$ cat data.pdb   # PDB, C-alpha atoms
ATOM      1  CA  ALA H   1      -3.110  43.216  15.576
ATOM      2  CA  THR H   2       0.216  41.928  16.894
ATOM      3  CA  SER H   3       0.491  42.424  20.655
ATOM      4  CA  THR H   4       4.079  42.960  21.799
ATOM      5  CA  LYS H   5       4.432  41.343  25.224
ATOM      6  CA  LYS H   6       7.311  42.031  27.614
ATOM      7  CA  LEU H   7       9.772  39.144  27.340
ATOM      8  CA  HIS H   8      11.912  38.680  30.452
ATOM      9  CA  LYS H   9      15.352  37.062  30.590
ATOM     10  CA  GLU H  10      15.426  33.569  32.097
ATOM     11  CA  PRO H  11      18.522  31.381  32.684
ATOM     12  CA  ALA H  12      18.428  27.869  31.243
ATOM     13  CA  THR H  13      21.267  25.434  30.575
ATOM     14  CA  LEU H  14      20.820  23.820  27.164
ATOM     15  CA  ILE H  15      21.821  20.172  27.552
ATOM     16  CA  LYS H  16      21.801  19.230  23.860
ATOM     17  CA  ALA H  17      20.438  20.371  20.497
ATOM     18  CA  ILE H  18      18.169  18.134  18.415
ATOM     19  CA  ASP H  19      17.403  19.498  14.936
ATOM     20  CA  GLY H  20      18.871  22.976  15.313
ATOM     21  CA  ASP H  21      15.592  24.512  16.455
ATOM     22  CA  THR H  22      14.002  22.083  18.907
ATOM     23  CA  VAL H  23      16.531  21.941  21.740
ATOM     24  CA  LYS H  24      16.445  20.911  25.395
ATOM     25  CA  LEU H  25      16.868  23.612  28.041
ATOM     26  CA  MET H  26      17.327  23.085  31.790
ATOM     27  CA  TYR H  27      14.873  25.718  33.012
ATOM     28  CA  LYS H  28      15.353  26.608  36.691
ATOM     29  CA  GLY H  29      16.093  22.978  37.515
ATOM     30  CA  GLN H  30      13.218  21.862  35.297
ATOM     31  CA  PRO H  31      14.356  21.266  31.668
ATOM     32  CA  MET H  32      12.131  22.244  28.762
ATOM     33  CA  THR H  33      12.605  21.909  25.009
ATOM     34  CA  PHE H  34      12.480  25.097  22.916
ATOM     35  CA  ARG H  35      11.738  26.004  19.302
ATOM     36  CA  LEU H  36      13.681  29.104  18.244
ATOM     37  CA  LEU H  37      12.041  31.776  16.092
ATOM     38  CA  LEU H  38      14.947  33.111  14.026
ATOM     39  CA  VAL H  39      14.135  31.288  10.791
ATOM     40  CA  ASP H  40      16.429  32.137   7.877
ATOM     41  CA  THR H  41      17.905  30.423   4.813
ATOM     42  CA  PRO H  42      21.499  29.561   3.693
ATOM     43  CA  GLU H  43      22.967  32.313   1.483
ATOM     44  CA  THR H  44      19.616  34.128   1.344
ATOM     45  CA  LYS H  45      17.754  36.563   3.598
ATOM     46  CA  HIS H  46      15.631  35.070   6.399
ATOM     47  CA  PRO H  47      12.954  32.884   4.739
ATOM     48  CA  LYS H  48      12.673  29.122   5.483
ATOM     49  CA  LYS H  49      15.749  27.211   6.709
ATOM     50  CA  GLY H  50      16.508  27.760  10.389
ATOM     51  CA  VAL H  51      19.142  25.063   9.958
ATOM     52  CA  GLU H  52      21.623  26.794   7.654
ATOM     53  CA  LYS H  53      24.282  24.756   5.839
ATOM     54  CA  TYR H  54      27.033  24.645   8.465
ATOM     55  CA  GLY H  55      26.892  21.177   9.993
ATOM     56  CA  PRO H  56      27.620  21.422  13.773
ATOM     57  CA  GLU H  57      26.401  24.962  14.612
ATOM     58  CA  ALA H  58      23.025  23.385  15.443
ATOM     59  CA  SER H  59      23.510  20.056  17.222
ATOM     60  CA  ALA H  60      27.250  20.318  17.836
ATOM     61  CA  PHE H  61      27.595  24.028  18.657
ATOM     62  CA  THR H  62      24.228  24.905  20.243
ATOM     63  CA  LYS H  63      24.711  22.913  23.462
ATOM     64  CA  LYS H  64      28.500  23.197  23.140
ATOM     65  CA  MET H  65      28.611  26.892  24.040
ATOM     66  CA  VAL H  66      26.290  26.061  26.938
ATOM     67  CA  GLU H  67      28.796  23.571  28.356
ATOM     68  CA  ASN H  68      31.712  25.984  27.892
ATOM     69  CA  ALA H  69      30.064  29.045  29.442
ATOM     70  CA  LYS H  70      28.561  29.350  32.922
ATOM     71  CA  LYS H  71      25.924  31.808  31.700
ATOM     72  CA  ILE H  72      23.095  30.624  29.461
ATOM     73  CA  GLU H  73      20.188  33.063  29.397
ATOM     74  CA  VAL H  74      17.293  32.675  26.975
ATOM     75  CA  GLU H  75      15.472  35.758  25.699
ATOM     76  CA  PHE H  76      12.174  33.873  25.837
ATOM     77  CA  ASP H  77       8.793  35.330  26.802
ATOM     78  CA  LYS H  78       6.795  34.208  29.837
ATOM     79  CA  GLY H  79       3.707  33.689  27.709
ATOM     80  CA  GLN H  80       4.932  31.641  24.789
ATOM     81  CA  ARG H  81       2.224  29.518  23.208
ATOM     82  CA  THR H  82       3.833  26.101  23.664
ATOM     83  CA  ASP H  83       2.348  22.678  22.923
ATOM     84  CA  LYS H  84       3.508  20.836  26.043
ATOM     85  CA  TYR H  85       6.942  21.824  27.359
ATOM     86  CA  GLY H  86       9.378  21.623  24.479
ATOM     87  CA  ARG H  87       8.238  24.118  21.867
ATOM     88  CA  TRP H  88       9.076  27.292  23.729
ATOM     89  CA  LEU H  89      10.646  30.244  21.911
ATOM     90  CA  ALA H  90      14.100  31.504  22.938
ATOM     91  CA  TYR H  91      17.534  32.787  21.927
ATOM     92  CA  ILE H  92      19.882  30.586  23.977
ATOM     93  CA  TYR H  93      23.314  32.203  24.298
ATOM     94  CA  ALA H  94      26.507  31.356  26.170
ATOM     95  CA  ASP H  95      28.689  34.113  27.619
ATOM     96  CA  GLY H  96      26.430  36.710  26.025
ATOM     97  CA  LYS H  97      26.982  35.406  22.494
ATOM     98  CA  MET H  98      24.186  33.311  20.982
ATOM     99  CA  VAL H  99      24.879  29.964  19.321
ATOM    100  CA  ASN H 100      23.606  31.378  16.030
ATOM    101  CA  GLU H 101      25.656  34.512  16.664
ATOM    102  CA  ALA H 102      28.688  32.215  16.948
ATOM    103  CA  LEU H 103      29.939  31.795  13.367
ATOM    104  CA  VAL H 104      26.776  32.613  11.409
ATOM    105  CA  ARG H 105      28.053  36.198  11.305
ATOM    106  CA  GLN H 106      30.915  35.562   8.863
ATOM    107  CA  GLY H 107      29.366  32.537   7.145
ATOM    108  CA  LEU H 108      29.410  29.639   9.613
ATOM    109  CA  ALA H 109      32.924  28.200   9.599
ATOM    110  CA  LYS H 110      32.714  24.703   8.117
TER     111      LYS H 110
END

$ encode --input "data.pdb" --output "structure tokens"
Amino acid sequence: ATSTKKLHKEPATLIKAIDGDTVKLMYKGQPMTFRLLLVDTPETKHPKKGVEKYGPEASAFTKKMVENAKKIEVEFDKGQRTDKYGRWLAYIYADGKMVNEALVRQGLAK
């Protein structure tokens, strides 16, 4: 049923986050917005609430780590069913560590 395609690693500099999920990404000189997949909930497992209760981790931290690190690679597939050029899947991370992997590991420092 579910076909697992080979997702390659592509470098893209995230300029700024919008609503935590939909974020802009400078893709090989040509920026594209992206809609992450990791959808979880605050204090619960991973249901519906990609934007956990932290505050900046989304709009303030997302692009922040991208401006602090010179390595922003997105684990996005090269066959993501996008609408136009802004709803691409990905796991933007700076210096190896993903924005979500930043402080969401201990409980997003507020």

$ atom_distance --input "data.pdb" --atom1 "atom CA of residue 57 of chain H" --atom2 "atom CA of residue 73 of chain H"
18.0 Å

$ closest_residue --input "data.pdb" --among "H:79, H:50, H:56, H:20" --to "residue 34 of chain H" --atoms "all atoms listed in the file"
H:20

$ residues_around --input "data.pdb" --residues "segment 87-92 of chain H" --least-positions-apart "5" --cutoff "10 Å" --atoms "only C-alpha atoms" --output "ChimeraX atom specification"
/H:7,9-14,21-25,32-38,62-63,65-66,71-82,97-101

$ closest_residue --input "data.pdb" --among "H:40, H:64, H:70, H:86" --to "residue 104 of chain H" --atoms "all atoms listed in the file"
H:40

$ closest_residue --input "data.pdb" --among "H:27, H:84, H:61, H:67" --to "residue 103 of chain H" --atoms "all atoms listed in the file"
H:61

$ residues_around --input "data.pdb" --residues "residue 43 of chain H" --least-positions-apart "6" --cutoff "12 Å" --atoms "all atoms listed in the file" --output "ChimeraX atom specification"
/H:49-54,104-108

$ atom_distance --input "data.pdb" --atom1 "atom CA of residue 30 of chain H" --atom2 "atom CA of residue 5 of chain H"
23.6 Å

$ closest_residue --input "data.pdb" --among "H:60, H:1, H:48, H:55" --to "residue 15 of chain H" --atoms "only C-alpha atoms"
H:60

$ atom_distance --input "data.pdb" --atom1 "atom CA of residue 17 of chain H" --atom2 "atom CA of residue 93 of chain H"
12.8 Å

$ residues_near_point --input "data.pdb" --point "(32.1, 31.2, 29.0)" --cutoff "6 Å" --atoms "only C-alpha atoms" --output "ChimeraX atom specification"
/H:68-70,95

$ axis_aligned_box --input "data.pdb" --around "segment 81-100 of chain H" --padding-each-side "5 Å" --output "AutoDock Vina command-line options"
--center_x 15.5 --center_y 28.8 --center_z 21.8 --size_x 36.5 --size_y 25.9 --size_z 21.6
